[PDB]
Amino acid sequence: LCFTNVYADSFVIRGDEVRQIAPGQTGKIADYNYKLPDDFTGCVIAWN
Amino acid sequence: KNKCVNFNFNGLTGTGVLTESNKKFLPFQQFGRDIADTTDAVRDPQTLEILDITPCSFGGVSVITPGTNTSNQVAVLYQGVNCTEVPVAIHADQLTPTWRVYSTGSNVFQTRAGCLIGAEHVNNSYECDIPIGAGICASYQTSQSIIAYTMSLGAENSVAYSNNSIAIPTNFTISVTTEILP
Amino acid sequence: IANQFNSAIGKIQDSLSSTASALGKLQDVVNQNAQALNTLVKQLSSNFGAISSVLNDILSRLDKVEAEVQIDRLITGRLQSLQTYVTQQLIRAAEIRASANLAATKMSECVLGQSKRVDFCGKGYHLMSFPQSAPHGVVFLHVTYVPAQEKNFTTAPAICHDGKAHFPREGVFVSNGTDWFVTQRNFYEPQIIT
Amino acid sequence: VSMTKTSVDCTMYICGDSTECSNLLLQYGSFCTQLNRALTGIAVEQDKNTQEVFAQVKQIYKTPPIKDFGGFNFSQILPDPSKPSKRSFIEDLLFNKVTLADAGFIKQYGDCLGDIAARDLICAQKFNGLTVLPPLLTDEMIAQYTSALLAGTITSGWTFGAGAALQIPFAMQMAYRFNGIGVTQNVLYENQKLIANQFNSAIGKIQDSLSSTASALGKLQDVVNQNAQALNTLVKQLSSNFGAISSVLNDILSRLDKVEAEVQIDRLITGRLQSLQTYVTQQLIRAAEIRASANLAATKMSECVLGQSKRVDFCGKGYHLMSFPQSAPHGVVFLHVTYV
Amino acid sequence: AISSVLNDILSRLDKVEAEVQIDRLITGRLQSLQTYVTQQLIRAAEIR
Amino acid sequence: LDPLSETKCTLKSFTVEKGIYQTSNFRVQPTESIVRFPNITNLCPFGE
Ligand SMILES: *[C@@H]1O[C@H](CO)[C@@H](O[C@@H]2O[C@H](CO)[C@@H](O[C@H]3O[C@H](CO)[C@@H](O)[C@H](O)[C@@H]3O)[C@H](O)[C@H]2NC(C)=O)[C@H](O)[C@H]1NC(C)=O
Ligand SMILES: *[C@@H]1O[C@H](CO[C@@H]2O[C@@H](C)[C@@H](O)[C@@H](O)[C@@H]2O)[C@@H](O[C@@H]2O[C@H](CO)[C@@H](O)[C@H](O)[C@H]2NC(C)=O)[C@H](O)[C@H]1NC(C)=O
Ligand SMILES: *[C@@H]1O[C@H](CO)[C@@H](O[C@@H]2O[C@H](CO)[C@@H](O)[C@H](O)[C@H]2NC(C)=O)[C@H](O)[C@H]1NC(C)=O
Ligand SMILES: *[C@@H]1O[C@H](CO)[C@@H](O[C@@H]2O[C@H](CO)[C@@H](O)[C@H](O)[C@H]2NC(C)=O)[C@H](O)[C@H]1NC(C)=O
Ligand SMILES: *[C@@H]1O[C@H](CO)[C@@H](O[C@@H]2O[C@H](CO)[C@@H](O)[C@H](O)[C@H]2NC(C)=O)[C@H](O)[C@H]1NC(C)=O
Ligand SMILES: *[C@@H]1O[C@H](CO)[C@@H](O)[C@H](O)[C@H]1NC(C)=O
Ligand SMILES: *[C@@H]1O[C@H](CO)[C@@H](O)[C@H](O)[C@H]1NC(C)=O
Ligand SMILES: *[C@@H]1O[C@H](CO)[C@@H](O)[C@H](O)[C@H]1NC(C)=O
Ligand SMILES: *[C@@H]1O[C@H](CO)[C@@H](O)[C@H](O)[C@H]1NC(C)=O
C-alpha cells in the first residue's frame, strides 16, 4: 500500500489506559489529553 | 497497453486494459473518475503520461435452441461484441464460462445485437421463430442445423388501386377463432 | 352458412384436440405463480450471512447474547424475501386485473351484444361469440363474417339520366363491363339502378 | 408503445470482479436470479408490445407509384424512396424531435474503450453490467409495418382489417365514411376539392407545428428520460458508503483481511442489493404503465386505423373519419382525420 | 434498536454504539418508507 | 461442459424447451499483474 501523509504520535502512559487509545473511547486519557477521530485511519502500537 | 491485466497504482488495485489517454491533466492531477465515482484515468507515477483505464472486454452470453425433444445442437450469442474479439476471448486467459468449444468459429456472424456462433446466415427470410434482435431471428431446419436470418414481415403485395376500380366479395367464409384471457 | 359454421367449430375441436400450444396464455399464469412460490420456498435454504440457513441450528448452538446476532440476520433475510414475493404478486395481480376487466368487456360487448369495433371481437366482421370456461380464465369462440372470394368491378361515384345526379341510398354502383348495377357494400348482389 | 429494454449483471453490479464478494452474495440465494428474470419478463414483453401495436397486418401492402387519390396528398406520410430507411417526411420530423441515449446501436469497443470510456454515461452503464438491448424490430421494420398499415388504408379502406384488401376509389371511400357519420355521401363529392384542400392544409399544419417547437413529443421523451434517469441513479447508487469505509470494493479488499472485509463488504452487498431491488421494482411498475399505453395504442390502431370509430372523442376531438399511424422512437403517433 | 427513541440511544451510549443502534433506526425506517411508497405506486396505478 | 449444459444447469431442468435463454456473462480474466509505484530509495525513520 501507499500513503499520502504519515505521522507518528509518541507518548507514555500506564498499561491500564491502552484500552482508551482506540477511537471514540472515554476516560481521562481519551477525554483530556489524546483523542482520536471517529473514523481514525492508522494503527496503535504499545509496549512495556 | 491494449491487453487485459491486474493493474495496481499506489494500492489502487483494479483490473483492466491500460491505454494512452488524450486527456490533458493539469500538473497537479493524478486521477480521473467516472460519473459513477470509480477511477477511469491515471498518471503513471514513474513516467509521467496519462493512462485511460477500461475494465476488460466482456458481455452477456445467451443460447438459442430448438428444444431437447428434437436436437442437442445450440447456437450462442455474444451480446454487444464484434466477432474479432471472440478469438481474443481464447482460454489462454480464464473466461468466466470455462466452455470455449464455440471459439472454433467457421459459421461466425456479426449482428446489431452482437456476434452469433453455431448458426448459419441464410439469405432467405422466414417468419420469426426465435427472436435474436434487430430484425434477426433463428430456427432449426434443413441434415438439420440452426439457421439465422433477417425475418420476413409478410408477403409483399401491390394492391390493385386505380381512380375508378372496386373489388367486391362474391363469396365469404364464416370463420370461428378462439381467444383465451386469464 | 350452417355447414361452414359446424365445420369451423369442428376445426376448433380438432385443433385443440391435437396440442397445448393455444393455451399458453393460461398455462403461463399458472407457471409464473408456481415459480414464485418455488422461489419463496427455496429462499429458506439461504444463510443470509447467518452461520446456518436453519433456525433450530442457531437456537441449538447459541446463547441469548449471540443468538440475537444470528436470528436478526434470518429475520432480515426472510423479511425481504416475503416483501419481494408480495411485490411481485401485487404487480402480477395488476396484470391479471386488467385481463379480467378486458375479459368482462369482451363478455359484455362480444357475448351480450354484437360489436361494430374492428378486431376487438377478432379479425373479420363480428356476428356473435360464445364463451367457454377454462382453469382460472375465459375462452371466446368469436364467429366472424370474412369476405373470401372477390371479383374486380368498374365503378362510378354517381350516375346521370336526365342531367340530375343519382347516388345509392345504400350501397355502390358497379358495371359488369356491359350494364350498370347498384349493390350492398359488403357482398356482390347486383340490382337495376332504379 | 415501448421503453428501453435493460439487463443487469447482478453479480458484477454488486460484486464487480471479486470472487470473495460473489461467495458472500451466494449466501442470499436466488435474489439475483429473481432480479434478472424480472428484468427479462419486462424486456420480453417490450417485443410483445412492439408486435401487438404494429404487426397487425400479415401482408405488406405497397402503394401504386401513381397517386390518383382525387386531390388528397399523402406524400408527406407515405414512404419517401430517396431515404436510406423507407420512412415518411413527417416520420423523419418525428425521429429528430426525441433525444435517446443509445438503442443497442452496435457497441463494438472501437469507440467505447479508451477515450469514449470516460465521457459517456452509457459506456459506464455497460461497465457496471447495465446492458441495454436492441428491440426485435428495427425502425425500418416498424416503418414497413406502418407503411403497410397506411398503404393498405389509403388504397383499400377498412376491408384489409376484415380479410383480403378490397380496392376502392378514395373519394368514394370517404363517401362511405361521411355516410358512417351520417352526412350523406353526395356532400363529399359536391365538395371534394374543398375537402382535399382542407385535408392537405391540415397535414400542412401538423408539419409547421411539430417542426417549429423544441418540446412537442413530451409524452414520449419523459419515458426515454425516466429510463436513463433510473439507470443513472442506479449508477450513482454504486458511489455510496452505506456506513462502510469505501464505495470501491477493491480498495476495501486490498486494505483488509478475510473477516474485517466480511463486515464491510456485506454493507455494500446490502445497499447495492436494495438499489437493484428498488430499480427493478420501479421498472416493473413503469412497465405496467407502458403496457397499458401499448395495449391502448393497439386498440387505437385496431379501431382508428383499421376502421372508423363511432366512439365519440376516442379518435381525437371531432367525428372520426380515419387515422394514419406514424412510427416514432418507442412510440406510435396517430394522425386523426375528423369531420367537424 | 435498544429504543425506538432516537435521543435515548444518543444518551445511553456513544457514537460507535450509535453506529450499532441509530443505524437500525436508519435501516428500518428507510424500509418502512420504501414499503409505503411502493404500496402508493401500485395503488396509484389502479387509480390511473 | 457446453452451452446446452450451462442452460440445463441454469433452468434446473434436464430437458430444455425451444427458445432463447440467458447465461452467466463472460469477461476475459487478466493474463498477469502489473504493479506501479513511485521509486523512493531511503527508508522511513523507524529507529528515531
Ligand atoms: C351483365 O349482366 C347482365 C345480367 O345478367 C347480362 O345481360 C343479360 O343476358 C341474358 C343472356 O345471357 C339475357 O337473357 C335473355 O336473352 C334473350 C334476349 O332477347 C331472350 O331471348 C332470353 O329469353 C333471355 O330473357 C338478359 O335479358 C340480359 N339482361 C340484361 C339486363 O342485359 C350481361 O350479358 C352481363 N354482361 C357480361 C359482360 O357478363
Ligand atoms: C383485378 O385487376 C387487376 C388489373 O386490372 C385487370 O388487368 C387484366 C389482367 C384484365 O383482367 C383487365 O380486364 C383488368 O382491368 C389485376 O392485376 C394484375 O394482377 C396480376 C397477378 O394476379 C399481376 O401479374 C399483374 O401485373 C396485374 N396487372 C395490373 C394491370 O395491375 C388483379 O389481379 C385483378 N384482381 C382480381 C381479384 O380480379
Ligand atoms: C468491428 O467491426 C466494426 C464494423 O462493424 C469495425 O468498425 C469499422 O472500423 C474501420 C477502421 O477503424 C472504419 O473505417 C469503419 O468505418 C468501421 N465501421 C463500423 C460499422 O464500425 C471495427 O473496427 C471492428 N473491430 C475490430 C476489433 O475488429
Ligand atoms: C361459395 O363458397 C362455398 C365454399 O366455401 C361454395 O360451396 C361449396 O361448393 C362446392 C361446389 O362448387 C361443393 O363441392 C362444396 O361442398 C361446397 N361447400 C360446402 C361447405 O357446402 C359455394 O358453391 C360458393 N358459391 C358461390 C356463389 O361462389
Ligand atoms: C403533394 O404535395 C407536395 C408538397 O406538399 C407536392 O410536392 C412539391 O411539389 C412542388 C412543385 O414541383 C415542389 O416545389 C416542392 O418542393 C414539392 N415538395 C415536396 C416535399 O416534394 C406534390 O407535388 C403534391 N402532389 C400533387 C399530386 O399535387
Ligand atoms: C524512477 O527511476 C528511474 C530510474 O530508475 C528514473 O528515470 C525516474 O526519474 C524515477 N522516478 C521519478 C519519479 O523520478
Ligand atoms: C416431442 O415428444 C412428444 C412426446 O413427448 C411427441 O408427441 C412429439 O411428436 C415430439 N415432437 C418432436 C418434434 O419430436
Ligand atoms: C446472399 O446474397 C448476397 C447478395 O445480396 C450475396 O452476395 C451472398 O453471397 C449471398 N449469400 C449466400 C450464402 O449465398
Ligand atoms: C383517372 O385519372 C387519369 C389521370 O391519371 C385521367 O386521365 C382519367 O380520365 C381518370 N379517369 C377517371 C374515371 O377518373
# chains A, B, ... in the order shown; residues from 1 in each chain; ligands from 1
>>> residues_around(residues="residue 41 (chain C)", least_positions_apart="6", cutoff="12 Å", atoms="only C-alpha atoms", output="number ranges by chain")
C: 34-35, 78, 81-82, 85; D: 29-30
>>> write_last_selection(atoms="N, CA and C atoms", output="compact mmCIF listing (two decimals), in the first residue's frame")
# COMPACT_ATOMS: atom_id res chain seq x y z
N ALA C 34 -46.70 -20.59 -9.81
CA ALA C 34 -45.98 -21.73 -9.25
C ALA C 34 -44.49 -21.41 -9.06
N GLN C 35 -43.89 -20.75 -10.05
CA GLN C 35 -42.48 -20.38 -9.97
C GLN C 35 -42.18 -19.50 -8.75
N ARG C 78 -35.28 -13.32 5.43
CA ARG C 78 -36.62 -13.81 5.12
C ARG C 78 -37.62 -12.67 4.90
N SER C 81 -37.39 -11.34 1.53
CA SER C 81 -37.84 -12.42 0.65
C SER C 81 -39.36 -12.50 0.55
N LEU C 82 -40.09 -12.29 1.66
CA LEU C 82 -41.53 -12.09 1.61
C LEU C 82 -41.89 -10.80 0.89
N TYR C 85 -41.68 -11.18 -2.85
CA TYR C 85 -42.79 -12.01 -3.31
C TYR C 85 -44.10 -11.23 -3.30
N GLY D 29 -29.07 -16.71 -1.69
CA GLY D 29 -29.80 -17.48 -2.69
C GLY D 29 -30.31 -16.64 -3.87
N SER D 30 -31.42 -17.07 -4.46
CA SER D 30 -31.97 -16.67 -5.77
C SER D 30 -32.17 -15.17 -6.04
>>> residues_near_ligand(ligand="ligand 8", cutoff="8 Å", atoms="only C-alpha atoms and all ligand atoms", output="JSON list (two decimals) with N, CA and C atoms, in the first residue's frame")
[["chain", "number", "residue", "atom", "x", "y", "z"],
["B", 121, "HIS", "N", -26.00, -18.06, -41.43],
["B", 121, "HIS", "CA", -26.74, -16.97, -42.07],
["B", 121, "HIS", "C", -27.34, -17.41, -43.41],
["B", 122, "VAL", "N", -28.66, -17.55, -43.50],
["B", 122, "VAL", "CA", -29.38, -17.84, -44.76],
["B", 122, "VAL", "C", -30.09, -16.58, -45.29],
["B", 123, "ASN", "N", -29.77, -16.21, -46.53],
["B", 123, "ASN", "CA", -30.35, -15.05, -47.23],
["B", 123, "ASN", "C", -31.89, -15.09, -47.31]]
>>> residues_around(residues="region 22-30 of chain F", least_positions_apart="5", cutoff="7 Å", atoms="only C-alpha atoms", output="PDB file with N, CA and C atoms, in the first residue's frame")
ATOM      1  N   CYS B   4      -5.382  -7.152 -21.279  1.00  0.00           N
ATOM      2  CA  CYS B   4      -6.086  -7.270 -20.001  1.00  0.00           C
ATOM      3  C   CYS B   4      -5.147  -7.767 -18.883  1.00  0.00           C
ATOM      4  N   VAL B   5      -5.064  -7.009 -17.778  1.00  0.00           N
ATOM      5  CA  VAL B   5      -4.103  -7.204 -16.674  1.00  0.00           C
ATOM      6  C   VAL B   5      -4.641  -6.755 -15.309  1.00  0.00           C
ATOM      7  N   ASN B   6      -4.155  -7.357 -14.216  1.00  0.00           N
ATOM      8  CA  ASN B   6      -4.398  -6.856 -12.856  1.00  0.00           C
ATOM      9  C   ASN B   6      -3.456  -5.686 -12.575  1.00  0.00           C
ATOM     10  N   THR B  15      -8.398  -3.972 -12.293  1.00  0.00           N
ATOM     11  CA  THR B  15      -8.251  -4.959 -13.365  1.00  0.00           C
ATOM     12  C   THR B  15      -8.724  -4.302 -14.654  1.00  0.00           C
ATOM     13  N   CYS B  56     -11.895  -4.910 -18.472  1.00  0.00           N
ATOM     14  CA  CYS B  56     -11.576  -5.756 -19.635  1.00  0.00           C
ATOM     15  C   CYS B  56     -12.809  -6.211 -20.426  1.00  0.00           C
ATOM     16  N   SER B  57     -12.653  -6.436 -21.737  1.00  0.00           N
ATOM     17  CA  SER B  57     -13.802  -6.653 -22.623  1.00  0.00           C
ATOM     18  C   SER B  57     -14.659  -7.846 -22.204  1.00  0.00           C
ATOM     19  N   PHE B  58     -15.972  -7.638 -22.234  1.00  0.00           N
ATOM     20  CA  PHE B  58     -16.928  -8.536 -21.594  1.00  0.00           C
ATOM     21  C   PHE B  58     -18.351  -8.266 -22.073  1.00  0.00           C
ATOM     22  N   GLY B  59     -19.248  -9.216 -21.826  1.00  0.00           N
ATOM     23  CA  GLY B  59     -20.660  -9.081 -22.152  1.00  0.00           C
ATOM     24  C   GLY B  59     -21.489 -10.257 -21.661  1.00  0.00           C
ATOM     25  N   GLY B  60     -22.798 -10.152 -21.848  1.00  0.00           N
ATOM     26  CA  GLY B  60     -23.718 -11.251 -21.594  1.00  0.00           C
ATOM     27  C   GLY B  60     -23.614 -12.357 -22.640  1.00  0.00           C
ATOM     28  N   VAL B  61     -23.922 -13.581 -22.228  1.00  0.00           N
ATOM     29  CA  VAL B  61     -23.979 -14.734 -23.114  1.00  0.00           C
ATOM     30  C   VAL B  61     -25.376 -15.321 -23.079  1.00  0.00           C
ATOM     31  N   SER B  62     -25.858 -15.753 -24.232  1.00  0.00           N
ATOM     32  CA  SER B  62     -27.213 -16.247 -24.402  1.00  0.00           C
ATOM     33  C   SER B  62     -27.232 -17.368 -25.433  1.00  0.00           C
ATOM     34  N   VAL B  63     -28.169 -18.301 -25.315  1.00  0.00           N
ATOM     35  CA  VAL B  63     -28.142 -19.570 -26.041  1.00  0.00           C
ATOM     36  C   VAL B  63     -29.490 -19.822 -26.689  1.00  0.00           C
ATOM     37  N   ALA B  89     -11.038 -13.532 -26.701  1.00  0.00           N
ATOM     38  CA  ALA B  89     -11.566 -14.457 -25.698  1.00  0.00           C
ATOM     39  C   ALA B  89     -11.164 -15.944 -25.948  1.00  0.00           C
ATOM     40  N   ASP B  93      -6.411 -17.109 -21.583  1.00  0.00           N
ATOM     41  CA  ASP B  93      -6.870 -16.464 -20.342  1.00  0.00           C
ATOM     42  C   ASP B  93      -8.232 -17.050 -19.859  1.00  0.00           C
ATOM     43  N   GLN B  94      -8.478 -17.044 -18.545  1.00  0.00           N
ATOM     44  CA  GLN B  94      -9.538 -17.857 -17.948  1.00  0.00           C
ATOM     45  C   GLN B  94     -10.902 -17.149 -18.025  1.00  0.00           C
ATOM     46  N   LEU B  95     -11.685 -17.377 -19.081  1.00  0.00           N
ATOM     47  CA  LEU B  95     -13.008 -16.746 -19.220  1.00  0.00           C
ATOM     48  C   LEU B  95     -13.998 -17.244 -18.151  1.00  0.00           C
ATOM     49  N   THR B  96     -14.979 -16.415 -17.777  1.00  0.00           N
ATOM     50  CA  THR B  96     -15.995 -16.804 -16.767  1.00  0.00           C
ATOM     51  C   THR B  96     -16.798 -18.065 -17.156  1.00  0.00           C
ATOM     52  N   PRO B  97     -17.322 -18.213 -18.394  1.00  0.00           N
ATOM     53  CA  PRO B  97     -17.607 -19.517 -18.983  1.00  0.00           C
ATOM     54  C   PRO B  97     -16.290 -20.240 -19.266  1.00  0.00           C
TER      55      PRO B  97
ATOM     56  N   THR F   7     -27.159 -24.128 -19.885  1.00  0.00           N
ATOM     57  CA  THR F   7     -28.599 -23.812 -19.887  1.00  0.00           C
ATOM     58  C   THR F   7     -29.420 -24.798 -19.074  1.00  0.00           C
TER      59      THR F   7
END
>>> atom_distance(atom1="CA of residue 173 (chain B)", atom2="atom 5 (O, counted along the ligand's line) of ligand 4")
6.0 Å
>>> residues_near_ligand(ligand="ligand 7", cutoff="9 Å", atoms="only C-alpha atoms and all ligand atoms", output="ChimeraX atom specification")
/B:67-71
>>> write_last_selection(atoms="C-alpha atoms", output="short mmCIF file (atom, residue, chain, number, x, y, z; two decimals), in the first residue's frame")
data_model
loop_
_atom_site.label_atom_id
_atom_site.label_comp_id
_atom_site.auth_asym_id
_atom_site.auth_seq_id
_atom_site.Cartn_x
_atom_site.Cartn_y
_atom_site.Cartn_z
CA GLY B 67 -35.71 -27.96 -27.86
CA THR B 68 -34.16 -31.07 -26.34
CA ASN B 69 -37.11 -33.15 -27.59
CA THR B 70 -35.66 -32.73 -31.14
CA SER B 71 -31.91 -31.76 -31.03
#
>>> atom_distance(atom1="CA of residue 122 (chain C)", atom2="CA of residue 304 (chain D)")
15.4 Å
>>> residues_near_ligand(ligand="ligand 5", cutoff="10 Å", atoms="only C-alpha atoms and all ligand atoms", output="mmCIF file with N, CA, C and O atoms, in the first residue's frame")
data_model
loop_
_atom_site.group_PDB
_atom_site.id
_atom_site.type_symbol
_atom_site.label_atom_id
_atom_site.label_comp_id
_atom_site.auth_asym_id
_atom_site.auth_seq_id
_atom_site.Cartn_x
_atom_site.Cartn_y
_atom_site.Cartn_z
ATOM 1 N N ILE D 66 -48.112 5.850 -59.135
ATOM 2 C CA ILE D 66 -49.040 6.965 -59.340
ATOM 3 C C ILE D 66 -49.888 7.178 -58.075
ATOM 4 O O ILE D 66 -49.974 6.304 -57.212
ATOM 5 N N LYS D 67 -50.511 8.351 -57.959
ATOM 6 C CA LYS D 67 -51.115 8.863 -56.719
ATOM 7 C C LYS D 67 -52.546 9.380 -56.949
ATOM 8 O O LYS D 67 -52.899 10.442 -56.443
ATOM 9 N N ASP D 68 -53.353 8.716 -57.783
ATOM 10 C CA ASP D 68 -54.670 9.213 -58.234
ATOM 11 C C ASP D 68 -55.739 9.100 -57.137
ATOM 12 O O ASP D 68 -56.751 8.408 -57.251
ATOM 13 N N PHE D 69 -55.492 9.769 -56.024
ATOM 14 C CA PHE D 69 -56.324 9.742 -54.841
ATOM 15 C C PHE D 69 -57.397 10.834 -54.865
ATOM 16 O O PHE D 69 -58.079 11.019 -53.863
ATOM 17 N N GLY D 70 -57.590 11.557 -55.969
ATOM 18 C CA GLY D 70 -58.652 12.564 -56.059
ATOM 19 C C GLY D 70 -58.366 13.854 -55.282
ATOM 20 O O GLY D 70 -59.301 14.477 -54.774
ATOM 21 N N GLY D 71 -57.097 14.259 -55.179
ATOM 22 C CA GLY D 71 -56.666 15.541 -54.594
ATOM 23 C C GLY D 71 -56.145 15.472 -53.156
ATOM 24 O O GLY D 71 -55.441 16.371 -52.696
ATOM 25 N N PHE D 72 -56.422 14.385 -52.448
ATOM 26 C CA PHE D 72 -55.792 14.106 -51.164
ATOM 27 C C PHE D 72 -54.314 13.755 -51.373
ATOM 28 O O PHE D 72 -53.976 12.975 -52.267
ATOM 29 N N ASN D 73 -53.433 14.336 -50.559
ATOM 30 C CA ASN D 73 -51.993 14.300 -50.779
ATOM 31 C C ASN D 73 -51.234 13.658 -49.598
ATOM 32 O O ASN D 73 -50.772 14.308 -48.661
ATOM 33 N N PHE D 74 -51.059 12.342 -49.662
ATOM 34 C CA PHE D 74 -50.346 11.579 -48.641
ATOM 35 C C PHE D 74 -48.822 11.617 -48.776
ATOM 36 O O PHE D 74 -48.139 10.909 -48.043
ATOM 37 N N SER D 75 -48.250 12.403 -49.695
ATOM 38 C CA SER D 75 -46.805 12.377 -49.969
ATOM 39 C C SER D 75 -45.936 12.613 -48.736
ATOM 40 O O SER D 75 -44.829 12.084 -48.660
ATOM 41 N N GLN D 76 -46.422 13.370 -47.754
ATOM 42 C CA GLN D 76 -45.683 13.640 -46.523
ATOM 43 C C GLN D 76 -45.741 12.501 -45.499
ATOM 44 O O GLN D 76 -45.015 12.550 -44.510
ATOM 45 N N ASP D 80 -40.908 7.818 -48.484
ATOM 46 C CA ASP D 80 -40.084 8.544 -49.451
ATOM 47 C C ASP D 80 -38.937 7.620 -49.904
ATOM 48 O O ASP D 80 -38.014 7.373 -49.116
ATOM 49 N N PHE D 89 -41.749 11.683 -44.717
ATOM 50 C CA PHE D 89 -41.263 13.015 -44.383
ATOM 51 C C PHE D 89 -41.669 13.410 -42.957
ATOM 52 O O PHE D 89 -40.801 13.764 -42.163
ATOM 53 N N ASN D 200 -55.222 18.432 -47.003
ATOM 54 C CA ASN D 200 -53.839 18.792 -47.282
ATOM 55 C C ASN D 200 -53.365 19.957 -46.401
ATOM 56 O O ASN D 200 -52.232 19.946 -45.920
ATOM 57 N N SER D 201 -54.227 20.942 -46.144
ATOM 58 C CA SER D 201 -53.894 22.087 -45.293
ATOM 59 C C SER D 201 -53.707 21.660 -43.835
ATOM 60 O O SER D 201 -52.828 22.146 -43.122
ATOM 61 N N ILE D 203 -52.738 18.565 -42.832
ATOM 62 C CA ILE D 203 -51.396 17.966 -42.865
ATOM 63 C C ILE D 203 -50.294 19.045 -42.871
ATOM 64 O O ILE D 203 -49.299 18.930 -42.153
ATOM 65 N N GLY D 204 -50.489 20.146 -43.592
ATOM 66 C CA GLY D 204 -49.573 21.289 -43.568
ATOM 67 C C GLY D 204 -49.407 21.908 -42.179
ATOM 68 O O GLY D 204 -48.299 22.255 -41.772
ATOM 69 N N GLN D 207 -47.185 19.572 -39.955
ATOM 70 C CA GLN D 207 -45.775 19.841 -40.259
ATOM 71 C C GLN D 207 -45.270 21.113 -39.580
ATOM 72 O O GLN D 207 -44.266 21.101 -38.866
#
>>> interface_residues(of="chain D", to="chain C", cutoff="10 Å", atoms="only C-alpha atoms", output="ChimeraX atom specification")
/D:24-31,33-35,38,56,158-169,171-173,175-176,179,184-186,189,262-263,266,274,277,281,284-285,288,291-292,299,301-311
>>> residues_near_ligand(ligand="ligand 1", cutoff="12 Å", atoms="only C-alpha atoms and all ligand atoms", output="list in words")
residues 153, 154, 174, 175, 176, 177, 178, 179, 180, 181, 182, 189, 190, 191, 192 and 193 of chain C
>>> write_last_selection(atoms="C-alpha atoms", output="PDB file, in the first residue's frame")
ATOM      1  CA  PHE C 153     -65.661  -4.321 -60.982  1.00  0.00           C
ATOM      2  CA  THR C 154     -65.607  -0.971 -62.783  1.00  0.00           C
ATOM      3  CA  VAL C 174     -70.775  -1.131 -60.477  1.00  0.00           C
ATOM      4  CA  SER C 175     -70.532  -2.279 -64.092  1.00  0.00           C
ATOM      5  CA  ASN C 176     -70.016  -5.892 -65.239  1.00  0.00           C
ATOM      6  CA  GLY C 177     -68.451  -4.331 -68.430  1.00  0.00           C
ATOM      7  CA  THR C 178     -71.820  -4.124 -70.250  1.00  0.00           C
ATOM      8  CA  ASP C 179     -74.557  -2.959 -67.789  1.00  0.00           C
ATOM      9  CA  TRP C 180     -74.555  -0.816 -64.626  1.00  0.00           C
ATOM     10  CA  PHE C 181     -75.942  -2.086 -61.284  1.00  0.00           C
ATOM     11  CA  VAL C 182     -76.171  -0.978 -57.622  1.00  0.00           C
ATOM     12  CA  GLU C 189     -75.677  -8.816 -55.300  1.00  0.00           C
ATOM     13  CA  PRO C 190     -76.345  -6.582 -58.366  1.00  0.00           C
ATOM     14  CA  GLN C 191     -79.670  -4.790 -58.957  1.00  0.00           C
ATOM     15  CA  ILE C 192     -81.053  -2.436 -61.611  1.00  0.00           C
ATOM     16  CA  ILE C 193     -80.301   1.222 -60.890  1.00  0.00           C
TER      17      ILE C 193
END
>>> decode(residues="region 52-66 of chain D", atoms="N, CA and C atoms", output="PDB file, in the first residue's frame")
ATOM      1  N   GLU D  52     -47.658  -6.167 -30.905  1.00  0.00           N
ATOM      2  CA  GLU D  52     -49.109  -6.077 -30.785  1.00  0.00           C
ATOM      3  C   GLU D  52     -49.658  -4.752 -31.303  1.00  0.00           C
ATOM      4  N   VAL D  53     -48.907  -3.663 -31.192  1.00  0.00           N
ATOM      5  CA  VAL D  53     -49.308  -2.387 -31.775  1.00  0.00           C
ATOM      6  C   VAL D  53     -49.131  -2.390 -33.286  1.00  0.00           C
ATOM      7  N   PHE D  54     -47.986  -2.854 -33.791  1.00  0.00           N
ATOM      8  CA  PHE D  54     -47.609  -2.635 -35.190  1.00  0.00           C
ATOM      9  C   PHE D  54     -47.839  -3.823 -36.113  1.00  0.00           C
ATOM     10  N   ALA D  55     -47.538  -5.051 -35.696  1.00  0.00           N
ATOM     11  CA  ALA D  55     -47.626  -6.236 -36.553  1.00  0.00           C
ATOM     12  C   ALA D  55     -49.066  -6.780 -36.720  1.00  0.00           C
ATOM     13  N   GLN D  56     -50.042  -5.899 -36.932  1.00  0.00           N
ATOM     14  CA  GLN D  56     -51.447  -6.279 -37.078  1.00  0.00           C
ATOM     15  C   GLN D  56     -51.796  -6.764 -38.500  1.00  0.00           C
ATOM     16  N   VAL D  57     -50.970  -6.460 -39.510  1.00  0.00           N
ATOM     17  CA  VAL D  57     -51.162  -6.927 -40.894  1.00  0.00           C
ATOM     18  C   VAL D  57     -50.080  -7.923 -41.291  1.00  0.00           C
ATOM     19  N   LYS D  58     -50.487  -9.125 -41.713  1.00  0.00           N
ATOM     20  CA  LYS D  58     -49.565 -10.187 -42.154  1.00  0.00           C
ATOM     21  C   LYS D  58     -49.193 -10.102 -43.635  1.00  0.00           C
ATOM     22  N   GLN D  59     -49.630  -9.063 -44.347  1.00  0.00           N
ATOM     23  CA  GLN D  59     -49.337  -8.850 -45.760  1.00  0.00           C
ATOM     24  C   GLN D  59     -48.894  -7.409 -45.984  1.00  0.00           C
ATOM     25  N   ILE D  60     -47.790  -7.235 -46.691  1.00  0.00           N
ATOM     26  CA  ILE D  60     -47.070  -5.976 -46.772  1.00  0.00           C
ATOM     27  C   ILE D  60     -47.539  -5.205 -47.994  1.00  0.00           C
ATOM     28  N   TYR D  61     -48.600  -4.429 -47.801  1.00  0.00           N
ATOM     29  CA  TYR D  61     -49.178  -3.643 -48.873  1.00  0.00           C
ATOM     30  C   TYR D  61     -48.231  -2.528 -49.342  1.00  0.00           C
ATOM     31  N   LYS D  62     -47.956  -2.499 -50.645  1.00  0.00           N
ATOM     32  CA  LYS D  62     -47.192  -1.443 -51.315  1.00  0.00           C
ATOM     33  C   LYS D  62     -48.133  -0.526 -52.096  1.00  0.00           C
ATOM     34  N   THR D  63     -47.883   0.781 -52.038  1.00  0.00           N
ATOM     35  CA  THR D  63     -48.636   1.806 -52.789  1.00  0.00           C
ATOM     36  C   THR D  63     -48.429   1.678 -54.300  1.00  0.00           C
ATOM     37  N   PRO D  64     -49.417   2.049 -55.137  1.00  0.00           N
ATOM     38  CA  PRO D  64     -49.162   2.316 -56.550  1.00  0.00           C
ATOM     39  C   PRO D  64     -48.179   3.488 -56.700  1.00  0.00           C
ATOM     40  N   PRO D  65     -47.388   3.534 -57.779  1.00  0.00           N
ATOM     41  CA  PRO D  65     -46.384   4.574 -57.953  1.00  0.00           C
ATOM     42  C   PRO D  65     -47.040   5.907 -58.338  1.00  0.00           C
ATOM     43  N   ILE D  66     -48.112   5.850 -59.135  1.00  0.00           N
ATOM     44  CA  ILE D  66     -49.040   6.965 -59.340  1.00  0.00           C
ATOM     45  C   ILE D  66     -49.888   7.178 -58.075  1.00  0.00           C
TER      46      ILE D  66
END
